[PDB]
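*Asks:* Would you mind keeping the following structure in view while I ask a few things?
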Amino acid sequence: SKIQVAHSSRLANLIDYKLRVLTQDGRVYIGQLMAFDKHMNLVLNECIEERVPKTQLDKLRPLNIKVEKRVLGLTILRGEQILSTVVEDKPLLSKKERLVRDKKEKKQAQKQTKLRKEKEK
Amino acid sequence: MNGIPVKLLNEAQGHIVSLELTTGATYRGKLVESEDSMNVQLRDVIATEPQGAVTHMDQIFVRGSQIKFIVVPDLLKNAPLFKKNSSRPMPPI
Amino acid sequence: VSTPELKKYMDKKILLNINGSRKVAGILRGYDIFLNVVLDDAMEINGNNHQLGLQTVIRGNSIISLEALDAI
Amino acid sequence: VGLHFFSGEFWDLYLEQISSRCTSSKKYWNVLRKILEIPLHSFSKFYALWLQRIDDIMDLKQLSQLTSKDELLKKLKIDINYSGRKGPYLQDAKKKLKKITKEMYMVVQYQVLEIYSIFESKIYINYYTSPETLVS
Amino acid sequence: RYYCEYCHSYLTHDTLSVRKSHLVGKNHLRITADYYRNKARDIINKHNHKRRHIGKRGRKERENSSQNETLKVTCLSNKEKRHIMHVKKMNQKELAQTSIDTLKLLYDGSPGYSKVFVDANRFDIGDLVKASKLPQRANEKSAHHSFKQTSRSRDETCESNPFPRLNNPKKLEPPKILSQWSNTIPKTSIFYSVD
Amino acid sequence: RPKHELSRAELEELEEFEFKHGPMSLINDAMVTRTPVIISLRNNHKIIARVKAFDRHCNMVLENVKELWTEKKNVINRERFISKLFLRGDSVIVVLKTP
Amino acid sequence: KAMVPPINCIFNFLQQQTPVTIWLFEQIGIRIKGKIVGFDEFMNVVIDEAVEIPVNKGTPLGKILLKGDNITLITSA
Amino acid sequence: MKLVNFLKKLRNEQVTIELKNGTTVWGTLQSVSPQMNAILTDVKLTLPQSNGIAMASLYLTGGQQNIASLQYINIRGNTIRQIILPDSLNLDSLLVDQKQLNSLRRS
Amino acid sequence: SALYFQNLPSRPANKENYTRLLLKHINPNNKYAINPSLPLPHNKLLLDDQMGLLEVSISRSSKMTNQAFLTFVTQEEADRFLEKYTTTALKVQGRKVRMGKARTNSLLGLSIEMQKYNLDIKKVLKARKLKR
RNA sequence: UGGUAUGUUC
RNA sequence: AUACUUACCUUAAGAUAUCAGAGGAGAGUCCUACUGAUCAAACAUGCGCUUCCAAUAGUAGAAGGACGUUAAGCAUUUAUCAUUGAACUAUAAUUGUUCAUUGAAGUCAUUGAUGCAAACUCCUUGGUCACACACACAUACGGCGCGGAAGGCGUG
RNA sequence: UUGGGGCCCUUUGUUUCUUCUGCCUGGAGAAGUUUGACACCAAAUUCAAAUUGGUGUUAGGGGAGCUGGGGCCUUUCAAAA
C-alpha cells in the first residue's frame, strides 16, 4: 500500500502507527498503538475489528470480499491470542512535527519540575 | 515490573467496559476491581454466548488468560501513562 | 504473586463454567493464587442433572469465569 | 408515541443514541429538524441544541446537511459553491437561518403556550391509580 | 515500588491493600476528577482547523463574483467577544449537564413510584445504590446536613394517599422559553388567570 | 532442592550436569556421533535429520532434513528435503534414535 | 465456617482416602476412578486402583502418575 | 544456552518461516527479540495446499493482489513452528556460542 | 501514428504508474488496469490494450512536463478514436485533456510503416549536431 | 531507617 | 498549613555492546582519557537514487469509509420437544398428518439472516506550488526547479 | 509617506503568543514574555469577591554576529612515481 514501513524499526519506533494486527482466529484489529509491554499487550486507539464470514470463505478459496467490521474504539488487546502485526497506515503528523512536539513536552516537563521545586521551597 | 497495559486496566476501575472471551462470549459491565494478573471482576454484566443468545449476570469474575480483549472508555485516550517524557519528582530514599 | 479478590464470594453459591458448557454450581469454600476453586455440594447443570459428591476441587486452568448465583 | 406532549426524555434519549452511534452526522440534523416542528413541553432545550449547533458549524458545505441546495438557492438565495470571502457569507447564512428558526420558534411557542395556559396547566393526574379512585 | 501518575505521590513495595486504599482517598479523587475534566475540556476546546488550500481561481468566476455585491463584515471589541463567549460556554455546560426530569415529578403519586422511580428499590441497579453509600467516616459530613432523608420504602401501597388532590400537590412547571427570544411572547393571555 | 535457593550464576553447571546425566542423553549422543534421528511433530511432520545443537527449550538445529507427512482425503505421502532447519521444542512430540 | 485452601483440601482428601473420580480433558480424554496416594506443587497426582470409563465397560490400570496439565476436576464418588 | 542468541547473529539473512497455522513466509530477517519476536521485511507469504482460518489470516493482511506480498511483518514467538535458513550460510561459524565460551572460561 | 495529448497531470514520479493510470482512465475494467503488480511488456522495433491503444510515451523534460504522446496500431485506430470521442473532453485525475494529431509521428510508427531504420540514424545525427 | 490514606485543634 | 491518633506496607538479584593483542594488580579474576576491528545510538551530510504530493484553459476528481439512502431492492433458507385423547403412516422417547390438557428452559430479530448488483449523497487527507499551453523518443524517453512526506545506500 | 491593480481574510473569539482598546467606508494601536505571565476547571467558606489543587499556552517569518558540517577554487608543508 506504498507506505514503505521502516527497514530497521522496532516496537519503540513503530508507536502511533495505524497497525493492522492479525490474531490466531484472523480477527484483524486496525488501529493506532500507544503502548506495549514484554507480553506484547497492545492498546489500540480508534480500533476496528474485521472478520470474514463462513459464506465468504468459499469465495475467498481459489473479486470482492465483504468483510464484517465492528468498531471497538479505544481497546486494550492481550498478547496471548495474537499472531502477527504489520503497519497499515502512517499517522497524521510527521517525524519533524513529532520531534518539535517531543521538545515541547520535554520543556513543559522541565517547567513542571521547576514549579514543583518552587512549591517545595 | 508491571508495565503500562496492566496499569491502564487498573486505571479504568468502576467504568462500563466490554470484554470478549476466548470462546466468543462477549461480556459488558462495570469493572469492580482489576488486578495485575488481569483476573477481572465485573458487575451488571450482560453476556452474549458464542451460540448467539443474550443473558444477564449480576457479578462475574473472569480469569485473565481467557480474555481476548477489553474496551476501555474513550476519555482514557489522553492518559499520563501515554506521556513519554514525564519526569519524576524526587523519589524517596 | 497477587492473591485474587474472591473475599466477597466467601459463603455464597457460585457457578463455574468449564470450557464451553460444564456448569458446576457449588458453594465456594476456598481458593488459591492459581484460581483453583474448592466447592461444597457441587452440581452439574446441563441444558440432565448430575451430582458431584460432597466436596470437590476444580483446576483453575479449565476455569474461565464464574457467576455469583447468590446476592452479595 | 413520538408525538407525546411530555416526551422530552424520549427525544433526549433518541438524540443521545444518534449522537453516540451515528458517525455520518446527518440523522441528528434530520431528527432535530423534525423536533423543531413538534409541540413539545420541554421544547426549548431542542431549540438551544439547534442554536448551539448552528454556532458549531465549520464551513458552508455543511449547509447541505440542513436542506438541499436548490431550496437554499430559491428560498434563501444562497449558494453552497459560492467561493470567495466566506466570512460574512456564513454570518449572513447564520443570521437568516436564525431568523427562520425564530419564526418557527414563535409558531411552536404560541402552540405550546396555548396548550399549556388553557389545557395542560389544569390536569394534575396523568396516571392510572386504581378502579376505586376518584378524579375531580 | 509504585508511583501514582495523578497525585504525583510515591509508595513502598507494591502492596494491593495499599494501592486499593490509595484510589479511595479523597485527594486522589479530587486530582483524578480535575485531571479528567481538564483533559476533556482541552480536547473539546482544541479547534483543530483544516489546513487551507487556495488555488488560482477561474477567470469567469472572478468576473461573476467581483460584480454581484460586497457583503458587510461584523466585528466586536475584546471585552464584548470575551463576555459573549463566556456566556456561550456557560450555556453549553449547562445544556450538557441538564436533562428532562418531567416523568419523575409527573408520576409522583403513581402506585408504582416506590418500585421504579425511587432509584433505591430498583431491581437491577439498586444493589449498586445500596452498596457504596459513601459511608461518611467524617463526623462533620454527617453533622452538616440537618434536613430530612424522605426515603420512600418499597412497601408503600395504594392504601396510603388514596386521594391525590386532597394531599396538596404541586402545580407543574411552565414550558421554559429562551431568554434571548423572550420578547416575542404573546403578552395577552387567552383566559384570565388569578394569582 | 528448590530452584530459587540453589546458588547464583552456577545453575548453568547444574544444567550441563543434567545434560550429561539426565534425559538429555539421547540429544547428546546424536550430536557427537552424528547419527540420524526421527522426530515426530504435533502436525504429522516426521523429520529424519542429524542434530547440530541442544537447547533448554529443546530448540534443535537439524541438518539434511528429510521430512514426510501424510494427507488423508485419498491417502498420499508428501516429503521434502530441507538443508537447514531450526525446530522449536513446542512442536516436538517425540525423538527416536536409531542404533 | 472457615476457609479451606485447595492444597489443604487435596491434603484432607488424601488423608480420608475416599473413592476418587478424576476428570480430564474433553472428548478424547477418559474419566478415571481410583484412590489418591501422592501429589506435588504442579498438581501431578499419583493414583492407585484406576479404572477408566469414557465419556457418555471399565478396564483396570494399576498405579498411575497423572500429570498436571490434563487434570480438570476432582470429586469424591 | 538459549539458541535465540544464534538467531540474533542472523541479521540480513533471507530465510523462510513455517508457522503453526501453516503459512510459509519468505523474507529477510531484520531483528529478533530474546523472546523470539522476529521482524521481517520484503516478505511474501503463502498458504499451501484447506484451513479456512489460515486463508482468512492470509487474505485479511493487506497486500494480497494466493501469494501475499507485504512490506513488514512482526511474528510472535509462539506462532513460529520452524524457520528454514539458507544453505549458503555456514552454521559452523555462526554457532560459535561466545557466551558459552565465556561461561566455560569462567568455570 | 502518434497522438499529442495536452493538459495531462504533471507529477506522478513513476512512469509505469502513470501508464497504469492512463490505461485505467481510457477504458474502465481493462485487463492490465484492474490488476496491479503486473510486468509491463516492452515493444521494440504485442498488443497491450483494446481499442487499438498500443503504448504511450512521456518524458521528464522541463519544456513539456504536462503533455505527452500515445501511439496506436495504425491510422484507422486513430480515426476510430476521434470518431468515438468527436470533440469530447475525456476525464483524468482532475482535469480535462485535449487530443490532436501530432506533426511528427512516433518512431514506433516508423517501425510499423517501414516494415510493411534511416530516420533513427538521422535523429542520432541531429542529436550529435545539437550536443556539439 | 520510612511511605500511602483518613479523623480532630490552631 | 502546623501538632496528634488510627488502617496497610516496609524492598528478586547481577550487569550496561562484542572480538584480538600489550601493560599493571596475589591456572583463574579486575583495570587502562591503551591500541586495531565489528555493531548500536545521536547529530550533520551527500548520492543526475526509490515512491507519493488533487481541474481551475473547470463547476471536476484520487485514496479510506459511511457504524448513509434508494433498500421491506432481487434470489433462497429456518422460527421448539415430550405424555395422552378421536383416526393414523408405523423399526424410537407414536417420530408424519388435524385439534387440544399438561410438563423444563424458552435471544430480540422474519421490515430478520446469506449471496448478488447498480445509482445518488456526505465525511478525513493533500504543494490543491514556480514558468509555459510548448513536438520528444531504441542506449525508449534531456529524473539539469523550489520544497515537503516515507525509505534505501554512503561519509564525517 | 501616498495612490493604483491582483489574491487572501475559515483569522469563523476577523490573526490563534498573551492582555487592553478597536475593525470591513478595513487588514490597526499600546504593554509584557520561562525561577515569570496569561486563560480555564473543580470545590467548602451561604451574592459578588478571596483561598487551595490541576490543566493548557508562551508562537511564526526575515536580518547582523558566533559556531558545527557538506561542495568548489587558491597559497604552503610532508610522503609516493
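Residue names in the C-alpha cells use chain letters A, B, ... in the order shown, residue numbers from 1 in each chain, and ligand numbers from 1 in the order shown.
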Could you pull out the helix (DSSP H, G or I) residues of stretch 45-110 of chain A, going by DSSP on the backbone, and write them as an MDAnalysis selection string?
*Replies:* chainID A and resid 56:60 95:110
*Asks:* As a PyMOL selection string, please: all residues of stretch 18-62 of chain G that backbone DSSP puts in strand (DSSP E).
*Replies:* chain G and resi 20-22+31-38+45-53+59-62
*Asks:* Take the residues that were just selected and, keeping N, CA, C and O atoms, output them as a CSV table (one decimal), in the first residue's frame.
*Replies:*
```
chain,number,residue,atom,x,y,z
G,20,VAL,N,-12.3,-41.8,44.5
G,20,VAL,CA,-12.0,-40.6,43.7
G,20,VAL,C,-12.5,-40.8,42.3
G,20,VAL,O,-12.2,-41.8,41.6
G,21,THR,N,-13.1,-39.8,41.8
G,21,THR,CA,-13.4,-39.6,40.3
G,21,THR,C,-12.6,-38.4,39.8
G,21,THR,O,-12.9,-37.3,40.2
G,22,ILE,N,-11.6,-38.7,39.0
G,22,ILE,CA,-10.8,-37.7,38.4
G,22,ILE,C,-11.2,-37.5,36.9
G,22,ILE,O,-11.1,-38.5,36.2
G,31,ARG,N,-12.4,-40.5,31.7
G,31,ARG,CA,-12.6,-40.3,33.1
G,31,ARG,C,-12.0,-41.5,33.9
G,31,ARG,O,-12.4,-42.6,33.6
G,32,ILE,N,-11.2,-41.2,34.9
G,32,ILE,CA,-10.6,-42.2,35.7
G,32,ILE,C,-11.2,-42.3,37.1
G,32,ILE,O,-11.6,-41.2,37.6
G,33,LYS,N,-11.2,-43.5,37.7
G,33,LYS,CA,-11.7,-43.7,39.0
G,33,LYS,C,-10.6,-44.4,39.8
G,33,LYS,O,-10.1,-45.4,39.3
G,34,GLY,N,-10.3,-43.9,41.0
G,34,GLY,CA,-9.2,-44.5,41.8
G,34,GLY,C,-9.1,-44.0,43.2
G,34,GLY,O,-10.1,-43.6,43.8
G,35,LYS,N,-7.9,-44.0,43.8
G,35,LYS,CA,-7.7,-43.5,45.1
G,35,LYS,C,-6.3,-42.8,45.2
G,35,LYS,O,-5.3,-43.3,44.7
G,36,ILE,N,-6.3,-41.6,45.7
G,36,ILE,CA,-5.1,-40.7,45.7
G,36,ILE,C,-4.1,-41.2,46.7
G,36,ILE,O,-4.5,-41.6,47.8
G,37,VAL,N,-2.8,-41.3,46.3
G,37,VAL,CA,-1.8,-41.6,47.2
G,37,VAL,C,-0.7,-40.5,47.3
G,37,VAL,O,0.0,-40.4,48.3
G,38,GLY,N,-0.5,-39.7,46.2
G,38,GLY,CA,0.5,-38.7,46.3
G,38,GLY,C,0.3,-37.5,45.3
G,38,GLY,O,-0.2,-37.7,44.2
G,45,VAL,N,-0.7,-35.8,40.2
G,45,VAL,CA,-1.4,-36.6,41.2
G,45,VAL,C,-1.1,-38.0,40.9
G,45,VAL,O,-1.3,-38.5,39.8
G,46,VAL,N,-0.7,-38.8,42.0
G,46,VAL,CA,-0.5,-40.2,41.9
G,46,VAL,C,-1.7,-40.9,42.4
G,46,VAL,O,-2.2,-40.6,43.6
G,47,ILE,N,-2.2,-41.9,41.7
G,47,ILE,CA,-3.5,-42.5,42.0
G,47,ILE,C,-3.2,-44.0,41.9
G,47,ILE,O,-2.3,-44.5,41.2
G,48,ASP,N,-4.0,-44.8,42.6
G,48,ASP,CA,-3.9,-46.3,42.6
G,48,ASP,C,-5.3,-46.9,42.4
G,48,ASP,O,-6.3,-46.2,42.8
G,49,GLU,N,-5.4,-48.1,41.9
G,49,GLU,CA,-6.6,-48.9,41.6
G,49,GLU,C,-7.5,-48.1,40.6
G,49,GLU,O,-8.6,-47.6,40.9
G,50,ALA,N,-6.9,-47.9,39.4
G,50,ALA,CA,-7.5,-47.0,38.5
G,50,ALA,C,-8.3,-47.8,37.4
G,50,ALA,O,-7.8,-48.7,36.8
G,51,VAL,N,-9.6,-47.4,37.3
G,51,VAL,CA,-10.5,-47.9,36.3
G,51,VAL,C,-10.9,-46.8,35.4
G,51,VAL,O,-11.4,-45.8,35.9
G,52,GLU,N,-10.7,-46.9,34.1
G,52,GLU,CA,-11.1,-45.8,33.2
G,52,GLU,C,-12.4,-46.1,32.5
G,52,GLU,O,-12.7,-47.2,32.1
G,53,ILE,N,-13.2,-45.0,32.4
G,53,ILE,CA,-14.5,-45.1,31.7
G,53,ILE,C,-14.6,-43.9,30.8
G,53,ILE,O,-14.3,-42.8,31.2
G,59,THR,N,-11.8,-50.7,32.3
G,59,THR,CA,-10.6,-51.5,32.4
G,59,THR,C,-9.7,-51.1,33.5
G,59,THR,O,-9.5,-49.9,33.8
G,60,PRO,N,-9.1,-52.1,34.2
G,60,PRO,CA,-8.2,-51.8,35.3
G,60,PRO,C,-6.8,-51.3,34.7
G,60,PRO,O,-6.4,-51.6,33.6
G,61,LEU,N,-6.2,-50.4,35.5
G,61,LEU,CA,-5.0,-49.7,35.0
G,61,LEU,C,-3.8,-49.8,36.0
G,61,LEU,O,-2.7,-49.7,35.6
G,62,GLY,N,-4.1,-50.0,37.3
G,62,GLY,CA,-3.0,-50.2,38.3
G,62,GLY,C,-2.6,-48.9,39.0
G,62,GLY,O,-3.5,-48.3,39.7
```
*Asks:* Residues at most 6 Å from stretch 20-32 of chain C, counting only C-alpha atoms (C1' of nucleotides), excluding those fewer than 4 positions away in the same chain, as a list in words?
*Replies:* residues 12, 13, 14, 15, 16, 36, 37, 38, 39, 40, 41, 42, 43, 44 and 45 of chain C; 3, 4 and 5 of chain G
*Asks:* Can I get the residues of chain A within 12 Å of chain D, each with the closest pair of atoms and their distance in Å to one decimal, using only C-alpha atoms, sorted chain first then ascending number, as a Markdown table?
*Replies:*
```
| residue | atom | partner | partner_atom | distance |
| --- | --- | --- | --- | --- |
| A:71 | CA | D:21 | CA | 10.2 |
| A:72 | CA | D:21 | CA | 11.9 |
| A:73 | CA | D:21 | CA | 11.8 |
```
*Asks:* For the atom pair atom CA of residue A:80 and atom CA of residue B:69, what is the interatomic distance in Å to one decimal place?
*Replies:*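 Computing it gives 10.1 Å between the two atoms.
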*Asks:* Where does chain K meet chain C within 12 Å, residue by residue, with the nearest atom pair and distance in Å to one decimal for each, counting only C-alpha atoms (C1' of nucleotides), listed by chain and rising number, as a tab-separated table?
*Replies:*
```
residue	atom	partner	partner_atom	distance
K:104	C1'	C:47	CA	9.5
K:105	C1'	C:47	CA	7.5
K:106	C1'	C:47	CA	11.7
```
*Asks:* Keeping only N, CA, C and O atoms (P, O5', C5', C4', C3', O3' and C1' of nucleotides), take the residues you just selected and write them out as a PDB file, in the first residue's frame.
*Replies:*
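That gives us selection23.pdb:
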```pdb
ATOM      1  P     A K 104     -42.657 -26.826  34.460  1.00  0.00           P
ATOM      2  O5'   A K 104     -41.197 -26.639  33.850  1.00  0.00           O
ATOM      3  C5'   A K 104     -40.041 -26.862  34.644  1.00  0.00           C
ATOM      4  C4'   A K 104     -38.799 -26.975  33.796  1.00  0.00           C
ATOM      5  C3'   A K 104     -38.496 -25.791  32.889  1.00  0.00           C
ATOM      6  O3'   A K 104     -37.839 -24.733  33.567  1.00  0.00           O
ATOM      7  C1'   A K 104     -38.290 -27.802  31.661  1.00  0.00           C
ATOM      8  P     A K 105     -38.475 -23.256  33.580  1.00  0.00           P
ATOM      9  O5'   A K 105     -37.742 -22.500  32.383  1.00  0.00           O
ATOM     10  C5'   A K 105     -36.463 -21.906  32.564  1.00  0.00           C
ATOM     11  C4'   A K 105     -35.460 -22.441  31.573  1.00  0.00           C
ATOM     12  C3'   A K 105     -35.265 -21.627  30.299  1.00  0.00           C
ATOM     13  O3'   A K 105     -34.379 -20.532  30.502  1.00  0.00           O
ATOM     14  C1'   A K 105     -35.591 -23.894  29.736  1.00  0.00           C
ATOM     15  P     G K 106     -33.797 -19.633  29.295  1.00  0.00           P
ATOM     16  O5'   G K 106     -34.890 -19.684  28.135  1.00  0.00           O
ATOM     17  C5'   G K 106     -34.482 -19.913  26.792  1.00  0.00           C
ATOM     18  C4'   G K 106     -35.642 -20.253  25.891  1.00  0.00           C
ATOM     19  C3'   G K 106     -36.380 -19.073  25.277  1.00  0.00           C
ATOM     20  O3'   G K 106     -35.724 -18.476  24.156  1.00  0.00           O
ATOM     21  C1'   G K 106     -37.944 -20.628  26.138  1.00  0.00           C
TER      22        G K 106
END
```
*Asks:* Find the residues in chain A near chain E: any atom within 12 Å counts, using only C-alpha atoms. Write them as number ranges by chain.
*Replies:* A: 112-113, 116
*Asks:* For residue C:59, list every protein, DNA or RNA residue within 8 Å, evaluated using only C-alpha atoms (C1' of nucleotides), and leave out those in the same chain fewer than 2 positions away; present the list as number ranges by chain.
*Replies:* C: 35-37, 57, 61-63; G: 71-73
*Asks:* For the interface of chain K with chain F (cut-off 10 Å, counting only C-alpha atoms (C1' of nucleotides)), please tabulate each contacting residue of chain K alongside its nearest pair of atoms and their separation in Å to one decimal, rows sorted by chain and increasing number, as a tab-separated table.
*Replies:*
```
residue	atom	partner	partner_atom	distance
K:12	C1'	F:4	CA	9.5
K:13	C1'	F:8	CA	8.5
K:14	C1'	F:8	CA	8.8
```
*Asks:* Next, write the just-selected residues to a file, as a PDB file, in the first residue's frame, keeping N, CA and C atoms (P, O5', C5', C4', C3', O3' and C1' of nucleotides) as the atom set.
*Replies:*
```pdb
ATOM      1  P     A K  12      10.797  -7.959  47.329  1.00  0.00           P
ATOM      2  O5'   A K  12      11.882  -7.901  46.166  1.00  0.00           O
ATOM      3  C5'   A K  12      11.835  -8.821  45.087  1.00  0.00           C
ATOM      4  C4'   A K  12      13.102  -9.633  44.997  1.00  0.00           C
ATOM      5  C3'   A K  12      14.350  -8.876  44.568  1.00  0.00           C
ATOM      6  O3'   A K  12      14.968  -8.186  45.640  1.00  0.00           O
ATOM      7  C1'   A K  12      14.175 -10.880  43.326  1.00  0.00           C
ATOM      8  P     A K  13      16.191  -7.181  45.362  1.00  0.00           P
ATOM      9  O5'   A K  13      17.485  -8.111  45.430  1.00  0.00           O
ATOM     10  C5'   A K  13      18.672  -7.744  44.749  1.00  0.00           C
ATOM     11  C4'   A K  13      19.411  -8.947  44.217  1.00  0.00           C
ATOM     12  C3'   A K  13      20.503  -8.640  43.209  1.00  0.00           C
ATOM     13  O3'   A K  13      21.716  -8.252  43.827  1.00  0.00           O
ATOM     14  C1'   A K  13      19.145 -10.386  42.379  1.00  0.00           C
ATOM     15  P     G K  14      22.426  -6.874  43.412  1.00  0.00           P
ATOM     16  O5'   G K  14      23.301  -7.277  42.147  1.00  0.00           O
ATOM     17  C5'   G K  14      24.182  -8.387  42.211  1.00  0.00           C
ATOM     18  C4'   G K  14      24.645  -8.804  40.842  1.00  0.00           C
ATOM     19  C3'   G K  14      24.932  -7.680  39.863  1.00  0.00           C
ATOM     20  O3'   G K  14      26.173  -7.038  40.084  1.00  0.00           O
ATOM     21  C1'   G K  14      23.659  -9.337  38.784  1.00  0.00           C
TER      22        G K  14
END
```
*Asks:* Show which residues sit within 10 Å of residue K:8, as a PDB file with N, CA and C atoms (P, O5', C5', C4', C3', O3' and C1' of nucleotides), in the first residue's frame. Count only C-alpha atoms (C1' of nucleotides), and ignore same-chain residues fewer than 2 positions away.
*Replies:*
```pdb
ATOM      1  N   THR E  15       2.027  -3.126  47.333  1.00  0.00           N
ATOM      2  CA  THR E  15       1.031  -3.908  48.048  1.00  0.00           C
ATOM      3  C   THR E  15      -0.351  -3.566  47.506  1.00  0.00           C
ATOM      4  N   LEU E  16      -1.159  -4.601  47.254  1.00  0.00           N
ATOM      5  CA  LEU E  16      -2.501  -4.391  46.723  1.00  0.00           C
ATOM      6  C   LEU E  16      -3.414  -3.726  47.748  1.00  0.00           C
ATOM      7  N   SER E  17      -3.183  -3.972  49.041  1.00  0.00           N
ATOM      8  CA  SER E  17      -4.006  -3.349  50.073  1.00  0.00           C
ATOM      9  C   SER E  17      -3.720  -1.857  50.203  1.00  0.00           C
ATOM     10  N   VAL E  18      -2.495  -1.432  49.895  1.00  0.00           N
ATOM     11  CA  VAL E  18      -2.164  -0.012  49.944  1.00  0.00           C
ATOM     12  C   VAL E  18      -2.621   0.684  48.667  1.00  0.00           C
ATOM     13  N   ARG E  19      -2.435   0.024  47.519  1.00  0.00           N
ATOM     14  CA  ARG E  19      -2.833   0.600  46.237  1.00  0.00           C
ATOM     15  C   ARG E  19      -4.350   0.691  46.117  1.00  0.00           C
ATOM     16  N   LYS E  20      -5.072  -0.264  46.710  1.00  0.00           N
ATOM     17  CA  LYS E  20      -6.528  -0.191  46.722  1.00  0.00           C
ATOM     18  C   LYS E  20      -7.012   0.950  47.608  1.00  0.00           C
ATOM     19  N   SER E  21      -6.353   1.160  48.750  1.00  0.00           N
ATOM     20  CA  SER E  21      -6.716   2.258  49.636  1.00  0.00           C
ATOM     21  C   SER E  21      -6.303   3.615  49.079  1.00  0.00           C
TER      22      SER E  21
ATOM     23  P     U J   4       3.740   9.852  51.480  1.00  0.00           P
ATOM     24  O5'   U J   4       2.443   8.971  51.201  1.00  0.00           O
ATOM     25  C5'   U J   4       2.215   8.393  49.926  1.00  0.00           C
ATOM     26  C4'   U J   4       1.059   7.426  49.959  1.00  0.00           C
ATOM     27  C3'   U J   4      -0.240   7.973  50.527  1.00  0.00           C
ATOM     28  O3'   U J   4      -0.981   8.727  49.583  1.00  0.00           O
ATOM     29  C1'   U J   4       0.216   5.859  51.491  1.00  0.00           C
ATOM     30  P     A J   5      -1.747  10.064  50.037  1.00  0.00           P
ATOM     31  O5'   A J   5      -3.012   9.529  50.847  1.00  0.00           O
ATOM     32  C5'   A J   5      -4.041   8.807  50.189  1.00  0.00           C
ATOM     33  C4'   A J   5      -4.933   8.095  51.174  1.00  0.00           C
ATOM     34  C3'   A J   5      -5.623   8.972  52.208  1.00  0.00           C
ATOM     35  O3'   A J   5      -6.787   9.605  51.710  1.00  0.00           O
ATOM     36  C1'   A J   5      -4.659   7.108  53.282  1.00  0.00           C
TER      37        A J   5
END
```
*Asks:* What's around stretch 59-74 of chain K at 7 Å? Count only C-alpha atoms (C1' of nucleotides), leave out sequence neighbours fewer than 5 positions away in its own chain, and write the answer as a PyMOL selection string.
*Replies:* (chain D and resi 21-24) or (chain I and resi 93-94) or (chain K and resi 54+111)
*Asks:* Dump C-alpha atoms (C1' of nucleotides) for the selected residues as a PDB file, in the first residue's frame?
*Replies:*
```
ATOM      1  CA  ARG D  21     -23.877   5.660  17.472  1.00  0.00           C
ATOM      2  CA  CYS D  22     -24.022   7.502  14.140  1.00  0.00           C
ATOM      3  CA  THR D  23     -20.776   8.814  12.655  1.00  0.00           C
ATOM      4  CA  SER D  24     -22.079  10.495   9.484  1.00  0.00           C
TER       5      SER D  24
ATOM      6  CA  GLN I  93      -7.248  12.718 -12.365  1.00  0.00           C
ATOM      7  CA  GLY I  94      -8.719  16.190 -12.076  1.00  0.00           C
TER       8      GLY I  94
ATOM      9  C1'   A K  54      -5.973  16.651  -6.174  1.00  0.00           C
ATOM     10  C1'   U K 111     -39.372  -4.855   7.714  1.00  0.00           C
TER      11        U K 111
END
```
*Asks:* Just to confirm, what's the straight-line distance from atom CA of residue A:34 to atom CA of residue B:76 in Å (one decimal)?
*Replies:* 11.5 Å
*Asks:* Set out as JSON lines a contact list for chain A and chain B with a cut-off of 9 Å, giving each residue of chain A that qualifies its closest atom pair and distance in Å to one decimal, counting only C-alpha atoms, ordered by chain and rising residue number.
*Replies:*
```
{"residue": "A:34", "atom": "CA", "partner": "B:82", "partner_atom": "CA", "distance": 6.8}
{"residue": "A:35", "atom": "CA", "partner": "B:4", "partner_atom": "CA", "distance": 6.7}
{"residue": "A:36", "atom": "CA", "partner": "B:5", "partner_atom": "CA", "distance": 6.8}
{"residue": "A:37", "atom": "CA", "partner": "B:3", "partner_atom": "CA", "distance": 5.9}
{"residue": "A:38", "atom": "CA", "partner": "B:3", "partner_atom": "CA", "distance": 8.0}
{"residue": "A:41", "atom": "CA", "partner": "B:5", "partner_atom": "CA", "distance": 6.4}
{"residue": "A:42", "atom": "CA", "partner": "B:5", "partner_atom": "CA", "distance": 7.3}
{"residue": "A:43", "atom": "CA", "partner": "B:5", "partner_atom": "CA", "distance": 7.1}
{"residue": "A:45", "atom": "CA", "partner": "B:77", "partner_atom": "CA", "distance": 7.2}
{"residue": "A:46", "atom": "CA", "partner": "B:74", "partner_atom": "CA", "distance": 8.9}
{"residue": "A:72", "atom": "CA", "partner": "B:71", "partner_atom": "CA", "distance": 6.8}
{"residue": "A:73", "atom": "CA", "partner": "B:74", "partner_atom": "CA", "distance": 7.0}
{"residue": "A:74", "atom": "CA", "partner": "B:74", "partner_atom": "CA", "distance": 5.7}
{"residue": "A:75", "atom": "CA", "partner": "B:71", "partner_atom": "CA", "distance": 4.1}
{"residue": "A:76", "atom": "CA", "partner": "B:70", "partner_atom": "CA", "distance": 5.7}
{"residue": "A:77", "atom": "CA", "partner": "B:69", "partner_atom": "CA", "distance": 4.5}
{"residue": "A:78", "atom": "CA", "partner": "B:69", "partner_atom": "CA", "distance": 6.0}
{"residue": "A:79", "atom": "CA", "partner": "B:68", "partner_atom": "CA", "distance": 8.9}
{"residue": "A:80", "atom": "CA", "partner": "B:65", "partner_atom": "CA", "distance": 7.7}
{"residue": "A:81", "atom": "CA", "partner": "B:68", "partner_atom": "CA", "distance": 6.5}
{"residue": "A:82", "atom": "CA", "partner": "B:68", "partner_atom": "CA", "distance": 8.9}
{"residue": "A:102", "atom": "CA", "partner": "B:85", "partner_atom": "CA", "distance": 7.8}
{"residue": "A:105", "atom": "CA", "partner": "B:85", "partner_atom": "CA", "distance": 6.7}
{"residue": "A:106", "atom": "CA", "partner": "B:85", "partner_atom": "CA", "distance": 5.9}
{"residue": "A:109", "atom": "CA", "partner": "B:86", "partner_atom": "CA", "distance": 6.0}
{"residue": "A:110", "atom": "CA", "partner": "B:87", "partner_atom": "CA", "distance": 7.6}
{"residue": "A:112", "atom": "CA", "partner": "B:87", "partner_atom": "CA", "distance": 8.6}
{"residue": "A:113", "atom": "CA", "partner": "B:89", "partner_atom": "CA", "distance": 6.7}
{"residue": "A:116", "atom": "CA", "partner": "B:89", "partner_atom": "CA", "distance": 7.4}
{"residue": "A:117", "atom": "CA", "partner": "B:89", "partner_atom": "CA", "distance": 8.6}
```
*Asks:* Output the contact residues of chain J with respect to chain B at a cut-off of 12 Å, based on only C-alpha atoms (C1' of nucleotides), as an MDAnalysis selection string.
*Replies:* chainID J and resid 1:3
*Asks:* Point out the residue among A:92, A:83, A:119, A:49 with the least atom-to-atom distance to chain H, counting only C-alpha atoms.
*Replies:*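 Result for the nearest residue to chain H: A:83.
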